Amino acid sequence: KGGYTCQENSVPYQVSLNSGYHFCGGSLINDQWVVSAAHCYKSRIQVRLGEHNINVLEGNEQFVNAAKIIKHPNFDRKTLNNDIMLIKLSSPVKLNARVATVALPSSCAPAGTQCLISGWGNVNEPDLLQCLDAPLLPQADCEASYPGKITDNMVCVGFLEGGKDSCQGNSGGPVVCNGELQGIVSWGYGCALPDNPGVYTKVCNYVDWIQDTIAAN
């Protein structure tokens, strides 16, 4: 764990992917497109926006069905390399104070940059959006923690001493640094274990693929 409950609607680009229940997160990058992790693929997905407590109808939510789901063409289910996926919504959503988009990276954020990670974890009890402030770690530290498992399309975010980390339910969610989406919650060995910080898809390596895909679809 280690996170804290986010201030209500303070992360307006955060979405919940639901196929009967919440199973993954995602980010709204424009009024009709969401970015998430490829391992979050399901044939039928309902996107829920403007959420805080996913177990109660609060009044600010928008429920929209996914029209097209496009996984990165080179996604590897074993290594998790290229763990990224785009979802086009059935219809554009209404952008407001509680539902907004997040900017794609203008470049790759350097190690040491402080970021915000968010998501819901693992029927009437409150299930509130959680937040965690954590820095991007240097590649060498990431590699040392996961020998032979880190590719150039991944980045570690968190603490080598563990204690604070993203966990199950968080996959596909945003890692935002200086107002730009720099990572997507992907994997890790356990959660919050020392010497095994979370691994995230490095979004700056995919800006052109994202833009090219949205334009062609």
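Start at 1 and count along the sequence shown; that's the residue number.
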Using none, 1 to 3, 4 to 9 or 10 or more, say how many deposited residues go missing between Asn122 and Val123. 4 to 9
Which is higher in the entry, the mean Cα B factor of 154 to 162 or that of 177 to 185? 154 to 162
Out of 208 to 216 and 1 to 9, which stretch has the higher average CA B-factor listed in the record? 1 to 9
Pick out which of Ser36, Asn60, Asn55, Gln46 has the highest C-alpha B-factor in the PDB entry. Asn60
Comparing C-alpha B-factors across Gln114, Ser91, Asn81, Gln130 in this entry, the winner is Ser91
Assigned third (lowest, middle, highest) for the C-alpha B factor of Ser118: lowest
Here the Cα B-factor of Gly20, set against its chain, lands in the third termed middle
With respect to C-alpha B-factor, does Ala97 fall in the lowest, middle or highest third of the chain as deposited? highest
For the chain shown, is the CA B-factor of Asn30 in the lowest, middle or highest third of its modelled residues? highest
How does the C-alpha B factor of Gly198 compare with the rest of the chain: lowest, middle or highest third? lowest
